[PDB]
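Shown next as structure tokens: one chain only, the form deposited in one PDB entry.
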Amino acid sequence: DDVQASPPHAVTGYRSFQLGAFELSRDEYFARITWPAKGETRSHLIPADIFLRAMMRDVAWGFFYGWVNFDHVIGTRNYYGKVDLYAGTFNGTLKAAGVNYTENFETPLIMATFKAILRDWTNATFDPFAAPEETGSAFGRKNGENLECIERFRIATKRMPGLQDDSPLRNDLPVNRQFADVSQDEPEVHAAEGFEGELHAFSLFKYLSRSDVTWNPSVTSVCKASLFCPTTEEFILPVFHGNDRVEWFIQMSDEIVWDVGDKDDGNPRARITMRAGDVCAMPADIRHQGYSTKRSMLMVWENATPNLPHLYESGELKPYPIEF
């Protein structure tokens, strides 16, 4: 939990960071990651915007499941309590050149470091969670902070938003410019006498219409291990995902396009287009990335059953959910 960071660069303004072997520094346009392989120091450059957007999802999701790739070179892999940070290890050509490198870390330390890297590289002009059209540039020299955007406080949802001891509804937030025509009507709830506040319903669409973040599933209903985690998508999913378990999507408004390839070298497997009302299962043996022109309403359905990885490794569960 003790973050090796440097002093602010003389010209640039930004701190550089150390994480095991990995060196992470940035300048006016690029983040730059450094690792050792074959006796020399290898480098890689990613546009600041791409980089921050991805790191933000990495932090927000707690490193998620499976493989989270910032791009064809850099990515992380959550082994729950421990996280791998890797460079090219899952890029065919680098693995084969012997130039790649991985290193494990305890979750609490890599988190402290990533959270730190964001606090320092996100200027007051940029919001890593937003679509491009919604926000300024990530480029240039260091210029203030944006704590408000990279440090969102949320109340965990226990059962459903809108209940008393639960997460709040969003009536106090603006409707997003791209959801400006979604009805803001709430369901009518007529409780019988002696039962006031014993029944609950809200407007999911009104809810998502007011989402200030992008590509961030958030929980709206819990059924034991079954979680509904709707999100609102705009532009390009900030990372490409190598799956670990089967995932399910229900497209609720508009459309998203999904690129789908082998988890390794990226042999195209499919290209999926989901229009309103479509239900799709993403296999556990592929990687995927989403494109969405208009801010759209997508429902991500998660299974929080803990022994899930055991099941997939045993063959108790096949790569794809259904034999028909």
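From 1 onward, residues are counted along the sequence shown.
Inset, instruction - Going by the average Cα B-factor in the PDB entry, point out whether 271 to 279 or 26 to 34 comes out higher. - result: The stretch with the larger mean CA B-factor is 26 to 34.
Legend entry - Mean Cα B-factor comparison, 218 to 226 or 107 to 115, giving the higher one as deposited: Higher of the two, by average CA B-factor, is 107 to 115.
Inset, instruction - Could you tell me which one of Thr76, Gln164, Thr135, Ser211 shows the highest CA temperature factor in the PDB record? - result: The C-alpha B-factor peaks, among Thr76, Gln164, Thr135, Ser211, at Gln164.
Legend entry - Residue selected from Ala180, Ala124, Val246, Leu204 by maximal Cα B factor: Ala124 has the highest C-alpha B-factor of those listed.
Inset, instruction - Tell me, lowest, middle or highest third: where does the Cα B factor of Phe240 rank within its chain? - result: For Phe240, the deposited C-alpha B-factor lands in the lowest third.
Legend entry - Third assignment of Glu234 from its chain's C-alpha B-factors: Lowest third.
Legend entry - Chain-relative CA temperature factor third for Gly290: According to the entry, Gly290 has a C-alpha B-factor in the chain's lowest third.
Legend entry - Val83 - which third its CA temperature factor falls in, relative to the rest of the chain: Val83: CA B-factor falls in the middle third of its chain.
Legend entry - Chain-wide C-alpha B factor ranking for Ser314, given as lowest, middle or highest third: Lowest third - that is where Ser314 ends up once the chain's C-alpha B-factors are sorted.
Although it is not shown, the form solved in complex with a small molecule is what the next lines describe.
Legend entry - Interface stretch in the bound PDB entry with the small molecule - options 174 to 182, 146 to 154, 188 to 196, 225 to 233, non-hydrogen atom within 4.5 Å: Going by heavy atoms within 4.5 Å, the stretch is 225 to 233.
Inset, instruction - Answer yes if any heavy atom of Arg26 is within 4.5 Å of a heavy atom of the small molecule in the bound PDB entry; otherwise answer no. - result: Residue-level check for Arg26: no, no contact with the small molecule.
Legend entry - in the bound PDB entry, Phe126 touching the small molecule (heavy atom, 4.5 Å): Taking the distances in the bound PDB entry, the answer for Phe126 is no, it never comes within 4.5 Å of the small molecule.
Inset, instruction - Would you check, heavy atoms only and a 4.5 Å threshold, whether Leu298 touches the small molecule in the bound PDB entry? - result: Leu298 belongs to the contact set for the small molecule.
Legend entry - Partner contact for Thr102 in the bound PDB entry: the small molecule, 4.5 angstroms, heavy atom: Although the small molecule is absent here, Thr102 would stay clear of it in the bound PDB entry, with no heavy atoms inside 4.5 Å.
Inset, instruction - Go through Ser203, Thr89, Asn216, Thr135 and name the one with a heavy atom inside 4.5 Å of the small molecule in the bound PDB entry. - result: Checking each option against the small molecule in the bound PDB entry, the one that comes within 4.5 Å is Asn216.
Inset, instruction - Only one of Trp121, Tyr207, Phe114, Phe249 comes within 4.5 Å of the small molecule in the bound PDB entry by heavy atoms, so just point that one out. - result: Comparing distances to the small molecule in the bound PDB entry, the residue within 4.5 Å is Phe249.
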